[PDB]
Protein chains: 2
Amino acid sequence: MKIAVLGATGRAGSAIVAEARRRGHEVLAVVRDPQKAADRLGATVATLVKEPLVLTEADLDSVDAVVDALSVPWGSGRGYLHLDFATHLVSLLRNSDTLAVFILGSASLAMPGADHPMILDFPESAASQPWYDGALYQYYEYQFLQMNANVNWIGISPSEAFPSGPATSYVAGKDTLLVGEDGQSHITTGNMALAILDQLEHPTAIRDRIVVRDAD
Amino acid sequence: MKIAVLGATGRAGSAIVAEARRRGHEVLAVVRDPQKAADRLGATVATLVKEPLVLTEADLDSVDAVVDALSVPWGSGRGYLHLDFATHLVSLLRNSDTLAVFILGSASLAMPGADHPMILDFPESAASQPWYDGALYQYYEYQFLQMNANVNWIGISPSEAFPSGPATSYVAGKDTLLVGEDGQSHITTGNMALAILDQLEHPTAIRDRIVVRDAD
Ligand SMILES: NC(=O)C1=CN([C@@H]2O[C@H](COP(=O)(O)OP(=O)(O)OC[C@H]3O[C@@H](n4cnc5c(N)ncnc54)[C@H](OP(=O)(O)O)[C@@H]3O)[C@@H](O)[C@H]2O)C=CC1
Ligand SMILES: NC(=O)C1=CN([C@@H]2O[C@H](COP(=O)(O)OP(=O)(O)OC[C@H]3O[C@@H](n4cnc5c(N)ncnc54)[C@H](OP(=O)(O)O)[C@@H]3O)[C@@H](O)[C@H]2O)C=CC1
């Protein structure tokens, strides 16, 4: 199948591009940095150099799936982009069969033993932390997705830690932070890539959100 | 000031353009039908012939305010456009002073006396009505707007009925359906235009939603 990867030059994105190619899919890497694309993805990966917010329906009409691996640096003040990229992507998928996987945040997950997103219980002081702006808008991105019953979107949240690393295996859940045998909560970029491509090839979480951690 | 009107050729839109011109503002009417613009707005009103979803930041950077007067016909299945047009517009207003007024729906208002949006209480049968699709997505549009604490958006809901007619005066509320001395709930296209231009000239409802009905 043909897969457009938004944020293809990123940590999650580049891992997704590699896993996609391993699995025999045609990749279109949407990028702003051709050099980064040449170095991280390889000369052989097809490229569309365009601002994500300016992508059109035509840009996406040859593709069977889209993966949103875009992010926003902490302390930029531009956490709203998490939301804007997603709303824009959804707007291009109206009346289309196209699968769209969105990587979400950990803050929209429940703590173990809770029944609601942990961000709701954050202290007022949290808004002063550089990570909050992005966490808030990814929580909103998650809520926005649920407004769309007629688009083939899939949400996947990382565990608390999202380090770079090769794939091994992953364990999946629904809305609650997962903790492994080591008492920690982490997923590698490689294992997130496995989970994403797994859903693309066999969608089980359409219009739902899952969370993934590294297996033990 | 310079005001861009989306849905300028519509019932609400054309009334808004008129009131804007009466009040000495420069109007940019975003339209898809030039002949309709010529007939309803006048040879004298500047036009931008473009799909709202492809409007750019540059299109809007001379404007001081934008008014969303777009709608979707009943039974089209395209009620999602209420949301898509609003999410696109918001994306263009990031880090700008520009005032954006969004005409919302009555379904996100409480019935007189209730403490919650009336749509939450609709029976299951409601979803079979041709008005529901649009109503649902305008409730979502209202919710989406509240995700955006750093944009100068203003929400205005009509009363239950939104007939064409000239301005007289209006009465404003917050989140509850308003009923006049006739026992009815209605606002004319002309009175909505008064309310919108009032907010543009003296914003009192920034990042808030008001409701308006025709005065007695
Ligand atoms: N524990 C958790 O919940 C956390 C969740 N995550 C999430 O995972 C996802 C992927 O994260 P990650 O792989 O580390 O991110 P990266 O920081 O590696 O960069 C992601 C992509 O975003 C692109 N990009 C960033 N800003 C813009 C913009 N303004 N215009 C255009 N493109 C842009 C970058 O382009 P370029 O390469 O050219 O710079 C890059 O390709 C995100 O949703 C992030 O929030 C990440 C960390 C942990
Ligand atoms: N009780 C309530 O909640 C109700 C709420 N309303 C709301 O009032 C607002 C204005 O409604 P109203 O003035 O009567 O609407 P109209 O139906 O008169 O006009 C709709 C405007 O949208 C434009 N438009 C429609 N479809 C598209 C499209 N697919 N692409 C581009 N432009 C498009 C039309 O262009 P064109 O002229 O070329 O067709 C027109 O300018 C809306 O938000 C509507 O939901 C209205 C009635 C009551």
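- Per the PDB entry, chain A is named Putative NADH-flavin reductase, and its organism is Lactobacillus casei ATCC 334.

1. Brief notes about the site of ligand 2
Residues and elements named next belong to chain B.
- Neighbouring ligand 2 are 24 residues; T9, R11, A12, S106 and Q138 lie closest to it.
- Between ligand 2 and the protein, one listed contact pairs an oxygen atom with a backbone N or O atom of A12 at 2.7 Å.
- Within the backbone of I103, one N or O atom sits 3.3 Å away from an oxygen atom of ligand 2.
- For the shell around ligand 2, the secondary structure elements donating two or more residues are α1 (11-22) and α4 (80-92).
- A per-class count over the shell around ligand 2 returns 10 nonpolar, nine polar and five charged.

2. Remarks on the pairing of strand β8 (residues 209-214) of chain B
Residues and elements named next belong to chain B.
- Judged by how many residues are buried, β8 sits mostly within the fold: six of six residues are covered.
- Where strand β6 (residues 153-158) lies against β8, four bridges are found, and the strand directions are parallel. Bridge pairing in β8 links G155 to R209.
- Taken together, the four bridges between strand β7 (residues 170-173) and β8 define a ladder with antiparallel strand orientation. Paired with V171 across the two strands is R213, which belongs to β8.

Basis of the calculations
Residues numbered from 1 in each chain as written, not as in the entry; some residues may be left out. Chains lettered and ligands numbered in written order. Heavy atoms only, no water. Residues with missing side-chain atoms left out of burial classes, pairs and counts. Near = heavy atom within 4 Å. Polar contact = N/O pair within 3.5 Å; in protein donor to acceptor, adjacent residues only side chain to side chain. Helix = DSSP H or I, 4+ residues; strand = E, 2+ residues; numbered from the N terminus. Nonpolar A, V, L, I, M, F, W, Y, C, P; charged D, E, K, R; others polar. Buried < 20%, exposed > 50% of the residue type's maximum accessible area, 1.4 Å probe, protein only. Pairing = 2+ DSSP bridges.

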